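Below you will find one chain, with nothing else, as structure tokens; this is the form deposited in one PDB entry, and questions on how it binds or moves follow later.
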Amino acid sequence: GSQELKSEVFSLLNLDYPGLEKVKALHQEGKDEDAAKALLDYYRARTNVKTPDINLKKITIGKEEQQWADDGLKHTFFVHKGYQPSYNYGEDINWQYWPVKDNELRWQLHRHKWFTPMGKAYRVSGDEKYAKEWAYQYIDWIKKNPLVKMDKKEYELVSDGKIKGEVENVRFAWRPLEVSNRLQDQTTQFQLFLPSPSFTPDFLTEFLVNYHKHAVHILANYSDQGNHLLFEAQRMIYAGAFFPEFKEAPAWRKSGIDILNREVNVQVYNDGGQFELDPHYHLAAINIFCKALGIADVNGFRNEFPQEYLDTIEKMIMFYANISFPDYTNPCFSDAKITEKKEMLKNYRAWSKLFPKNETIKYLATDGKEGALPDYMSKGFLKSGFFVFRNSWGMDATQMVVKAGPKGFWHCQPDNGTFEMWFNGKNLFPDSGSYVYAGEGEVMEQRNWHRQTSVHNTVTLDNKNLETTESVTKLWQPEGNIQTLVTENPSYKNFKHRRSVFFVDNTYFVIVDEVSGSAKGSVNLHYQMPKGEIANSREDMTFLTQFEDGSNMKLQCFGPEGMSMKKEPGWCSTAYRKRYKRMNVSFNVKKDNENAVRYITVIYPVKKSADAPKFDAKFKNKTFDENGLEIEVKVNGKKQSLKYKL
């Protein structure tokens, strides 16, 4: 009962918009209150606008949100999981209540994390108490947290009371992060509370004036890049698409679009991969861009996005699908945890709705029933630095994903050349994982330990982390019987590590690791074994799988004279704070001169371990050559020569 008729709303509206003819007529007659009521009728009869954040047909609420709404009725407001139980902000709500001088505690109060739970409780229970108290608290927040603009010369000439508590409050109640969050969440609040008798026409005027204020404030205080900027632009598309009746709604959309389309070209390589080289942030970026494309798509603003934006998103999805395993799992490179098949099924459902004409993602969403598969098998991503060998897409495939690209950031680990192998149902070479964030600290030694190069499947010098992560793709052959990847990295000073990976007969792999340069030290070819019972053999340098028949493997390393094996303890992390022990084997060679140190490791996946072949392998050239390589292996006696020219 505190809301007013904010007549200025009619200057914010495009009254020539289809459906507001009665609003325009009544406004031109001076009957602004009847025009407000007519506007409410318009929104209550409008059906061509929606959001993917909520489905009014099936509105549910959990016990957590239920407690948040019921507490919110008592003016007990949930703001922060670190501040439990939630504070009570008084009957006369003091939005400046600050018992612990923590700016997060005060910032996150203006999130209104309990507003939408009150809407959900209102719809599921039908109890008007939630709507009455929500409308009251909404008007209350408007009247107690104004958006004022003053400078030092103006601020010094202030009264002597709540004027400077409000000016000081602007930095807490109107930080662009919470302003954008409210821009998105208040569309949900709008859908939830609109049919209520508390949603009066003049409350609608207050609502639209306040929302417009948020939009124009974000438009003048865009963030300093980071995902804060992506979310701000996305939510400006939310504001422009859910309330297209505003005169500035197109400008709010274009802006957001113009920002997002500008940043996808900054952080996504042309081959599809996102520039963090982390599967988790690739997926998260896909969802951030797809959420904006989504709320613009359902309301008929899909074509306001440039075509290159759509095709870039498509390339990102195809990237994640290519680096993923047939069980929909992702490799644990960088700081990525494992995503299982259910969540990815949901993702492919949404993106499949956004890209209907794309047959491959239509297949991955349908889980096989409908759609089609790509016309290729092994796929290369030479700009991102990810290379996928595969002989199948189904649950019987042999797949290897090799990570060897340019420098990343503080999420990319020094693991250039490492890989993950997935065979017939199980990942046989899992990454060491991330285990903990950053995140300091306890927890710090574990972080730096998992970030080590010596805990991956690559080459180290003195078991030290790589001084340079700048892989160069020398060769990529994805088709035919002999598929091969040649990549090299200047890992240390006077240290050129070249790795060649050969997918042979769509069955087995041969990894040739040639280290050249003037650097002298202990060269360590590391391999991170899976967890379980594994047959050691230090005399012939062999490891043979003793697992349940389904995913077995036999690996043998052929090195120079004097090569030694070291079975060290190591770890594998699949989930946050979750981890298990496995064996970290290192094939070490003392490089005391300038001659190259060369290895030929054969990896043969097999169902029954007793069927694992014995092998032979030898180099053909005298030493390391820059422009070519010839080796020869033997499978149970049958010869097979590998060679290429650069």
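We call the rigid core the largest set of C-alpha positions that still match within 1.5 Å between the two forms. The first residue of the shown sequence is 1; numbering continues from there.
The next section is about a form of this same protein that is not shown, the form deposited in another entry.
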Which residue of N287, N303, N270, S159 is the mover here, meaning its C-alpha shifts by 2 Å or more between the shown form and the other one once both are aligned on the rigid core?
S159
Quick one: core overlaid, is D611 moving 2 Å or more at the Cα between the shown form and the other one?
yes
Please state whether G637 has a C-alpha shift of 2 Å or more between the shown form and the other one, with the rigid core used for the fit.
yes
After a rigid core superposition, would you say the CA of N621 moves by 2 angstroms or more between the shown form and the other one, or not?
yes
Direction of Cα pair change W107-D160 in that other deposited form, magnitude 3 angstroms or more
closer
